[PDB]
Amino acid sequence: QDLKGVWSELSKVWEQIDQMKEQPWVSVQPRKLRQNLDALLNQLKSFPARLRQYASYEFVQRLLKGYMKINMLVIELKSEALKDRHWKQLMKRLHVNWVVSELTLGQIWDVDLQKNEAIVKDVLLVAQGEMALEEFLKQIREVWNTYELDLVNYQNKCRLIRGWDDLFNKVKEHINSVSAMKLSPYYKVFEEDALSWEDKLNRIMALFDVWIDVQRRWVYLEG
Amino acid sequence: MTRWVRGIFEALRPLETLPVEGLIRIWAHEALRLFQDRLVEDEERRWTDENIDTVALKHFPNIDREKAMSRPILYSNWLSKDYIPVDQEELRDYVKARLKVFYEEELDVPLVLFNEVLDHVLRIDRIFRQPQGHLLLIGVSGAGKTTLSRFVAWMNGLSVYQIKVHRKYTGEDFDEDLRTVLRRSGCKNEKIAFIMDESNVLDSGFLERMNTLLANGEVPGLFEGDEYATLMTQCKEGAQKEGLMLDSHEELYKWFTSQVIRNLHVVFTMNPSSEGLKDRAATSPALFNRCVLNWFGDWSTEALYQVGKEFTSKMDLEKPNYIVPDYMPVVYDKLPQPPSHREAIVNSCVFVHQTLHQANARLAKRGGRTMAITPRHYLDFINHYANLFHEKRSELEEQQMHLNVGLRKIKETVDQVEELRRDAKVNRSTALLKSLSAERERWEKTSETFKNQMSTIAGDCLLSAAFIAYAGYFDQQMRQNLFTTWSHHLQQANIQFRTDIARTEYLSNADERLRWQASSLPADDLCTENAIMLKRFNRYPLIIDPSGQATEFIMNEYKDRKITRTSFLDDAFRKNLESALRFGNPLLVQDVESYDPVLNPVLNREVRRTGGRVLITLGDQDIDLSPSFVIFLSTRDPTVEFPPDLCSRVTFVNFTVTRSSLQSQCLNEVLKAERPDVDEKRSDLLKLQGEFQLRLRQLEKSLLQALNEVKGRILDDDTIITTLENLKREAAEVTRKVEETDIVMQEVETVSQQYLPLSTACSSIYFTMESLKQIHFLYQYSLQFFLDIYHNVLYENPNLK
Ligand SMILES: Nc1ncnc2c1ncn2[C@@H]1O[C@H](COP(=O)(O)OP(=O)(O)NP(=O)(O)O)[C@@H](O)[C@H]1O
């Protein structure tokens with residue numbers, strides 16, 4: 001008769017766990033998940049001692065403990081570093097055919113993230129590296145799309161360019177940084193894009209290295 | 001005194017009523033929190049403890065001391081909505097729960113709560129609750145500052161702001177940063193913990209703009225111009241949000257100043273007064289007066305014991321048969337008694353730190369160059385001990401499982417040959433069986449030995465882990481002295497450890513040593529140990545190499561990873577460092593004698609996680625730490641005194657020739673050149689460790705490969721015993737040498753002491769040649785000169801023919 005009691009008192013915990021598992025993966029907030037899991041564990045801790053002897057209660061408590069333990073990897077899986085390519089890599093290595101729009105928290109939960117923590121760590125490491133390279137290229141694009149050549153009037157005849165030191169320092173920094181990015185282990189993904197910017201960067205230098213000269217002599221000759 | 005009045009006022013403001021004894025208790029608590037924290041020495045704290053009681057009982061007679069002031073005085077606001085006294089255990093439990101939450105929320109690094117860190121948490125929280133509450137945490141490098149401040153700021157919801165000083169970071173940039181944080185704190189009513197560190201407080205010119213903020217909460221002249229109009233608009237918007245209708249600009253500015261007093265806090269973090277080279281020297285006494293000062297100090301024996309127990313609790317350091325010694329040496333007077341194996345192991349782990357501190361003090365006594373020893377050394381030691389324990393136990397378990405599989409397959413082959421005896425091939429099956437069973441018996445005894453190896457693993461890893469963490473800067477002689485001291489202390493505690501441990505052999509396989517020697521590694525005991533330290537490092541290494549061999553070694557080792565050379569003195573250093581940190585290529589930075597402070601967080605691994613973007617501050621920029629990044633700091637100068645700030649952030653690796661190093665090199669050279677038999681018997685004594693047994697069971701691997709490849713064709717000629725005889729020889733051979741491991745050790749000792757005066761003469765001669773510089777500038781001779789002289793004297797000597 002105590003089997004009925006433990007099943008009835010564990011049914012509510014099962015409904016809440018399944019309702020959490022049915023949540024789509026996009027809407028998951030891991031901090032709210034930790035709050036709900038902590039509420040569930042504290043609810044389980046209040047059961048009568050007669051029920052606690054059973055193996056089902058121990059199994060469910062261990063299950064929630066495991067979900068708490070892998071909550072760290074769940075947080076890391078909500079990282080913005082992960083992209084479609086990294087989700088594909090996770091699917092291939094873990095041998096699971098997920099659908100990113102249709103993915104639910106329960107499918108990731110029941111997949112043995114605890115056992116497979118090494119694969120998850122490797123994929124998120126690759127994601128971090130590729131995110132670093134991507135945001136570096138984003139910085140290049142923003143800077144050079146927003147860079148304006150300063151001009152200062154010269155004897156009311158024209159406006160000559162000022163700030164050669166800053167321009168050449170920025171060009172040197174970006175060219176050196178792209179050349180160093182070419183050595184990165186995560187470079188193959190962004191390769192083509194990097195090459196494009198390299199060309200433009202070199203052209204920029206190949207212009208202004210001439211331009212300052214064509215300025216200086218002219219100024220001298222003007223004087 | 002005004003801080004005292006403010007503290008009692010904030011304590012009493014939410015309280016509806018008090019008794020006199022509660023007032024005395026709050027008075028004593030504020031006395032301790034304002035005066036006892038700044039003190040450095042323990043006895044001064046005891047004097048303050050007694051004097052608070054004396055003054056209270058003098059000016060408040062007939063008030064019983066036990067109720068009015070109990071020694072464990074704590075006031076906190078987390079347990080209850082009111083600022084009332086609370087018990088130690090409840091606060092311990094709450095802070096432990098919140099810290100375990102903090103692990104998986106902002107930064108995933110364990111943080112142990114010991115008796116001397118909960119107090120600092122409470123002090124930091126207290127200064128956060130006061131108005132105009134600015135804290136100045138001063139203490140040894142490491143020890144929790146910049147980690148406890150962030151932790152308490154996270155707990156209390158204060159958004160942490162840290163200044164990012166660049167080069168050409170003029171005072172206007174600091175002015176703008178102060179404007180932004182002041183607007184956030186006052187107009188938007190967002191509490192901020194304004195954390196400042198000595199690294200970015202290198203210039204004292206901007207630290208006198210902050211004094212006005214600390215003393216008054218408003219810095220006039222910041223918002224002059226249209227900024228005044230915008231701030232007035234936002235300030236009146238905020239006042240309307242709070243429900244107060246204000247018109248005059250002066251009253252609005254006063255309310256803004258009051259909000260800045262309430263909200264914005266400043267947390268300075270400094271090291272003790274060793275920054276004489278800095279422009280600060282000892283920073284201005286005005287800065288000390290304005291803030292509330294907190295002496296962090298260094299972890300005591302109890303703190304080391306507790307932070308060791310909770311880091312080595314996941315390890316299986318349990319031995320049911322641990323015979324406690326009759327008389328044990330103890331660093332922790334409050335050890336559980338009779339101590340168990342885990343207790344004894346952690347006490348020995350604290351012995352390591354205590355003996356290293358004593359050794360450094362002794363080296364200071366004899367005028368030698370000392371290096372700062374900090375808590376991060378202990379944390380690195382414990383981490384290395386855990387990783388090494390796990391690695392060695394995993395290796396031994398793998399080998400034991402493989403040998404059990406081999407025994408299973410041997411029994412299967414016995415069954416197969418028994419089936420073949422059911423059937424002139426049959427007669428010689430009596431021989432193969434006579435081989436097979438013997439092999440089986442051999443493997444059985446091998447399995448037994450593995451059990452003994454289990455019983456010896458723990459202490460061994462300890463004696464190696466400390467060596468990887470602590471004794472990296474010291475010379476070879478003091479390295480051996482420290483190792484002997486640690487081994488003797490382990491022996492005293494009945495912890496089982498190998499008698500004749502070889503550090504360089506226990507921590508590296510022969511393939512790795514061969515690879516290093518293929519690279520530009522001078523093959524010496526000190527150099528091999530240093531090369532191991534460049535493999536098993538948690539913190540990035542500092543390579544002190546006057547010869548310059550180690551830089552080439554690092555370059556050749558990491559050539560596949562496209563390591564690039566840089567120096568601090570190079571103009572294009574910061575950008576190269578940015579690229580290396582951003583993309584993950586390894587880096588070698590030379591001339592760290594002029595150590596830039598911008599590398600302080602990078603060595604400390606102060607990652608700030610925001611979504612998938614893992615930022616680290618460098619100058620103006622916040623750059624993305626790639627996983628692959630590794631940095632090696634280098635020094636051609638062997639005469640350098642690094643700051644204690646850098647010592648805790650880096651592990652030292654000394655490639656410096658000394659008396660004992662050259663003595664050992666010369667002695668090994670003579671033993672190789674003139675008594676090569678003893679050289680063989682010495683290299684064979686360091687090959688009775690992993691090398692020979694690894695080969696012996698790697699032959700069992702090929703045996704088992706060619707043992708179950710059977711379909712009744714095992715008796716092709718009944719001559720498979722050859723493959724089983726090739727293992728019959730070597731086993732007995734490596735059973736002879738294991739038996740002849742005391743005769744050989746004594747023999748090499750006796751033969752090496754004979755050739756020792758030559759080695760001492762060699763060391764003295766070379767160091768005299770090095771001394772020749774200060775007689776005349778031309779009298780400069782490399783160590784290659786002396787070694788070439790010795791090669792001529794040993795090998796190309798016509799008098800020896
Ligand atoms: N109580 C603790 N338990 C465990 N690890 C700790 C503890 N306190 C500090 N640490 C670790 O010690 C390292 C350095 O701590 P930290 O206090 O930030 O150094 P620091 O005091 O800021 N050095 P500095 O900033 O130059 O004055 C970090 O890896 C922390 O996680």
# chains A, B, ... in the order shown; residues from 1 in each chain; ligands from 1
>>> residues_near_ligand(ligand="ligand 1", cutoff="6 Å", atoms="only C-alpha atoms and all ligand atoms", output="list in words")
residues 109, 110, 111, 112, 113, 141, 142, 143, 144, 145, 146, 147, 270, 271, 376 and 645 of chain B
>>> residues_around(residues="residue 131 (chain A)", least_positions_apart="3", cutoff="9 Å", atoms="only C-alpha atoms", output="VMD selection string")
(chain A and resid 80 to 82 126 to 128 134 to 136) or (chain B and resid 612 to 613 624 626)
>>> closest_atom_pairs(of="chain B", to="chain A", cutoff="9 Å", atoms="only C-alpha atoms", output="JSON lines")
{"residue": "B:104", "atom": "CA", "partner": "A:72", "partner_atom": "CA", "distance": 6.0}
{"residue": "B:105", "atom": "CA", "partner": "A:31", "partner_atom": "CA", "distance": 8.1}
{"residue": "B:108", "atom": "CA", "partner": "A:72", "partner_atom": "CA", "distance": 8.9}
{"residue": "B:561", "atom": "CA", "partner": "A:183", "partner_atom": "CA", "distance": 8.4}
{"residue": "B:562", "atom": "CA", "partner": "A:183", "partner_atom": "CA", "distance": 6.8}
{"residue": "B:572", "atom": "CA", "partner": "A:173", "partner_atom": "CA", "distance": 8.8}
{"residue": "B:575", "atom": "CA", "partner": "A:173", "partner_atom": "CA", "distance": 6.7}
{"residue": "B:576", "atom": "CA", "partner": "A:177", "partner_atom": "CA", "distance": 7.6}
{"residue": "B:578", "atom": "CA", "partner": "A:177", "partner_atom": "CA", "distance": 8.3}
{"residue": "B:579", "atom": "CA", "partner": "A:177", "partner_atom": "CA", "distance": 5.6}
{"residue": "B:580", "atom": "CA", "partner": "A:180", "partner_atom": "CA", "distance": 7.5}
{"residue": "B:582", "atom": "CA", "partner": "A:132", "partner_atom": "CA", "distance": 6.3}
{"residue": "B:583", "atom": "CA", "partner": "A:184", "partner_atom": "CA", "distance": 5.4}
{"residue": "B:584", "atom": "CA", "partner": "A:184", "partner_atom": "CA", "distance": 6.4}
{"residue": "B:585", "atom": "CA", "partner": "A:184", "partner_atom": "CA", "distance": 6.2}
{"residue": "B:610", "atom": "CA", "partner": "A:79", "partner_atom": "CA", "distance": 8.7}
{"residue": "B:611", "atom": "CA", "partner": "A:79", "partner_atom": "CA", "distance": 5.2}
{"residue": "B:612", "atom": "CA", "partner": "A:79", "partner_atom": "CA", "distance": 4.4}
{"residue": "B:613", "atom": "CA", "partner": "A:81", "partner_atom": "CA", "distance": 6.9}
{"residue": "B:614", "atom": "CA", "partner": "A:128", "partner_atom": "CA", "distance": 7.7}
{"residue": "B:623", "atom": "CA", "partner": "A:132", "partner_atom": "CA", "distance": 8.1}
{"residue": "B:624", "atom": "CA", "partner": "A:132", "partner_atom": "CA", "distance": 5.3}
{"residue": "B:625", "atom": "CA", "partner": "A:132", "partner_atom": "CA", "distance": 7.4}
{"residue": "B:626", "atom": "CA", "partner": "A:129", "partner_atom": "CA", "distance": 5.0}
{"residue": "B:627", "atom": "CA", "partner": "A:125", "partner_atom": "CA", "distance": 6.3}
{"residue": "B:628", "atom": "CA", "partner": "A:129", "partner_atom": "CA", "distance": 8.3}
>>> select_by_dssp(residues="region 163-337 of chain B", states="helix (DSSP H, G or I)", output="ChimeraX atom specification")
/B:171-187,209-216,226-242,249-263,285-290,301-309
>>> atom_distance(atom1="CA of residue 554 (chain B)", atom2="CA of residue 477 (chain B)")
24.9 Å
>>> select_by_dssp(residues="region 568-743 of chain B", states="strand (DSSP E)", output="number ranges by chain")
B: 587-590, 608-610, 613-618, 621-624, 631-635, 651-654
>>> closest_residue(among="B:129, B:515, B:265, B:25", to="residue 182 (chain B)", atoms="only C-alpha atoms")
B:265
>>> decode(residues="region 106-121 of chain B", atoms="N, CA, C and O atoms", output="compact mmCIF listing (two decimals), in the first residue's frame")
# COMPACT_ATOMS: atom_id res chain seq x y z
N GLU B 106 29.08 32.68 -12.39
CA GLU B 106 29.96 33.69 -12.97
C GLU B 106 31.36 33.18 -13.26
O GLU B 106 31.92 33.48 -14.32
N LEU B 107 31.96 32.41 -12.35
CA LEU B 107 33.32 31.91 -12.51
C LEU B 107 33.40 30.50 -11.94
O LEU B 107 33.08 30.29 -10.77
N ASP B 108 33.84 29.56 -12.77
CA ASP B 108 33.89 28.15 -12.39
C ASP B 108 35.29 27.79 -11.90
O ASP B 108 36.11 27.18 -12.59
N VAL B 109 35.56 28.21 -10.66
CA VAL B 109 36.77 27.84 -9.94
C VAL B 109 36.37 27.57 -8.49
O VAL B 109 35.67 28.41 -7.90
N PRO B 110 36.75 26.45 -7.87
CA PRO B 110 36.36 26.23 -6.47
C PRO B 110 36.97 27.27 -5.55
O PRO B 110 38.08 27.75 -5.76
N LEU B 111 36.21 27.62 -4.51
CA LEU B 111 36.60 28.62 -3.53
C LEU B 111 36.25 28.08 -2.15
O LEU B 111 35.07 28.01 -1.79
N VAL B 112 37.26 27.68 -1.39
CA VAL B 112 37.05 27.09 -0.07
C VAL B 112 36.76 28.19 0.94
O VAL B 112 37.40 29.24 0.94
N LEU B 113 35.79 27.93 1.82
CA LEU B 113 35.48 28.80 2.94
C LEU B 113 36.21 28.27 4.17
O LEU B 113 35.88 27.19 4.67
N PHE B 114 37.19 29.03 4.64
CA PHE B 114 37.89 28.75 5.89
C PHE B 114 37.66 29.92 6.84
O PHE B 114 37.08 30.95 6.47
N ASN B 115 38.11 29.75 8.08
CA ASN B 115 37.74 30.68 9.15
C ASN B 115 38.21 32.10 8.88
O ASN B 115 37.59 33.06 9.36
N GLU B 116 39.28 32.27 8.10
CA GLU B 116 39.87 33.58 7.84
C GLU B 116 39.43 34.19 6.51
O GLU B 116 39.98 35.22 6.12
N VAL B 117 38.47 33.57 5.81
CA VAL B 117 37.90 34.15 4.60
C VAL B 117 36.43 34.51 4.77
O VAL B 117 35.95 35.46 4.14
N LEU B 118 35.69 33.79 5.62
CA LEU B 118 34.34 34.20 5.97
C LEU B 118 34.36 35.57 6.63
O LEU B 118 33.50 36.41 6.36
N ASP B 119 35.34 35.81 7.50
CA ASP B 119 35.46 37.11 8.15
C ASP B 119 35.68 38.22 7.13
O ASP B 119 35.10 39.30 7.26
N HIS B 120 36.51 37.97 6.12
CA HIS B 120 36.72 38.98 5.10
C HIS B 120 35.47 39.19 4.25
O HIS B 120 35.20 40.31 3.83
N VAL B 121 34.70 38.12 4.01
CA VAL B 121 33.42 38.28 3.32
C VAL B 121 32.51 39.20 4.12
O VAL B 121 31.89 40.12 3.57
